[PDB]
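Each chain, written out:
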Number of protein chains: 2
Amino acid sequence: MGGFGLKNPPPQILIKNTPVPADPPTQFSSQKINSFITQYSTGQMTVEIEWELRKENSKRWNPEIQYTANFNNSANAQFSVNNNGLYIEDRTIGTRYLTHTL
Amino acid sequence: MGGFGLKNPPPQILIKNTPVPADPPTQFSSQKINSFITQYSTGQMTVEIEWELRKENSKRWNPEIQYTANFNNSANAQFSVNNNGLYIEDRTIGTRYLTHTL
């Protein structure tokens, strides 16, 4: 599907709500505790990647194809939110534009 | 016409073929020397400019218009020489693409 094959990829990160049981009966029972307190959780996360990139030196004379926002007027701008508040991606953008000698 | 107005612009550079007179007569004459030896000259020149440029930091989310080589197939490539050997410029390329807040 494309990508970087890794022997030792980034570690999976797993999270759970710790169970909080509801009021236990007064008499003892060895069976599992069936009833819990309904709860959920929320909070912010952040991810910081450091990328290394190969600089481009090409002596070709004439200009190259490059990615350009669509040249047309439109009811909704490209890669932007619409009236209802929904973010819309117009195109899958490949990485291959700049030419290189074979 | 656009450009950089300068009080002290780059100096004009002026060049001439030094005159070489033809064979003078044996008797003296005070009039100017009319006849010279036809000659011309040639050689390489070079110019080296150092340009300073303002880096671009813009936090807009969506992509921008950029200059792109014409997307079409053609009998002759853009900004390239043709069969007869003549270099042809397709477009005057303005400098204004990237947006900036007013």
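Residues numbered from 1 in each chain as written, not as in the entry; some residues may be left out. Chains lettered and ligands numbered in written order. Part of a larger assembly, values for the part shown. Heavy atoms only, no water.

As annotated in the PDB entry, chain A carries the name VP1 capsid and is attributed to Bat adeno-associated virus. For this structure, the PDB header gives the title as "BatAAV-10HB - genome-containing particles".

Undergrad: Break down the overall build of chain A for me, citing the residues and quoting the values.
TA: Looking only at helices and strands, one finds zero helices and zero strands in chain A. Whereas a compact globule of 102 residues would reach a radius of gyration of roughly 13 Å, chain A reaches 27 Å, over 25% beyond that. Seen through its principal axes, chain A has C-alpha atoms that stretch 90 × 45 × 25 Å. Counting only residues that meet the buried cut, chain A has 6% of its 102 residues in that class. (Helix = DSSP H or I, 4+ residues; strand = E, 2+ residues; numbered from the N terminus. Rg over C-alpha atoms; globule rule 2.2 N^0.38 Å. Buried < 20%, exposed > 50% of the residue type's maximum accessible area, 1.4 Å probe, protein only.)

Undergrad: Talk me through the packing of aromatic side chains; I want residue IDs and the actual numbers.
TA: Within the structure shown, the criterion is met by two aromatic pairs over all chains. With a centroid separation of 6.3 Å and an interplanar angle of 75°, the aromatic rings of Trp-61 of chain A and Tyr-87 of chain B are classed as edge-to-face. In this structure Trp-61 of chain A comes out as exposed when scored by relative accessible area, which is 68%. (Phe/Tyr/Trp six-rings, centres within 6.5 Å; stacked < 30°, edge-to-face > 60°.)

Undergrad: Break down the interface of chain B and chain A for me, with residues and values.
TA: Listed by partner, the interface residues are 12 residues for chain B and 12 residues for chain A. Taking both partners together, chain B and chain A bury about 1,100 Å²; carbon and sulfur atoms supply 55% of that area. If you sort the residues of chain B by the area they bury against chain A, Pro-63, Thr-68 and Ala-69 of chain B come out on top, with a joint share of 35%. Scanning the region where chain B abuts chain A turns up zero salt bridges. For the interface between chain B and chain A, the tally reads six residue pairs in polar contact. Its residues assigned to classes, the side of chain B that touches chain A comprises seven nonpolar, four polar and one charged. (Contact = heavy atoms within 4.5 Å. Buried area = accessible area lost by both parts, 1.4 Å probe. Salt bridge = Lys/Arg side-chain N within 4 Å of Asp/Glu carboxyl O. Polar contact = N/O pair within 3.5 Å; in protein donor to acceptor, adjacent residues only side chain to side chain. Nonpolar A, V, L, I, M, F, W, Y, C, P; charged D, E, K, R; others polar.)

Undergrad: Let's hear about the relation of the copies chain B and chain A: which residues, and what values?
TA: Relative to chain A, chain B is turned by 180° and slid 0.0 Å along the rotation axis, the superposed coordinates differing by an RMSD of 0.0 Å. Within this description, the copies of the chain are treated as partners about a two-fold rotation axis. (Least-squares fit on C-alpha atoms.)

Undergrad: So, the pattern of salt bridges: which residues are in play, and what are the values?
TA: Residues and elements named next belong to chain A. Using the criterion set out here, one finds two salt bridges over all chains in the structure. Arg-60 is paired through a salt bridge with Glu-64; the nearest N and O atoms lie 3.7 Å apart. Here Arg-60 falls in the partly exposed class, since its relative accessible area comes to 32%. Using a relative accessible area of 13% as the deciding quantity, one classes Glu-64 as buried.

Undergrad: Tell me about a nonpolar patch on the surface, and please be specific about residues and values.
TA: On the surface, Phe-4, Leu-6, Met-45, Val-47, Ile-49 and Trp-51 of chain A cluster together into a nonpolar patch covering about 830 Å² of accessible area. Look at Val-47 of chain A and you get exposed, because its relative accessible area is 60%. (Patch = residues over 30% accessible without salt bridge, like charges linked within 9 Å, V, L, I, M, F, W, Y side chains within 5 Å. Areas by Shrake-Rupley, 256 points an atom, 1.4 Å probe, with all protein chains shown as cover.)

Undergrad: Can you break down the side chain of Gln-78 of chain B residue by residue, with the values?
TA: Residue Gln-78 of chain B is classed as buried on the basis of its relative accessible area of 15%. A polar atom in the side chain of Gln-78 of chain B sits 3.2 Å from the backbone oxygen of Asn-70 of chain B. Once you skip the residues sitting within four places of it in the chain, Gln-78 of chain B turns out to touch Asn-62 of chain A together with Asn-70, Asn-72 and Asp-90 of chain B.

Undergrad: Explain the side chain of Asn-62 of chain B residue by residue, including any values.
TA: A relative accessible area of 18% means that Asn-62 of chain B is categorised as buried. One polar contact links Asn-62 of chain B to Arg-60 of chain B, side chain to side chain, over a distance of 2.7 Å. With near-sequence residues (within four places) excluded, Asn-62 of chain B lies in contact with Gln-78 and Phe-79 of chain A.

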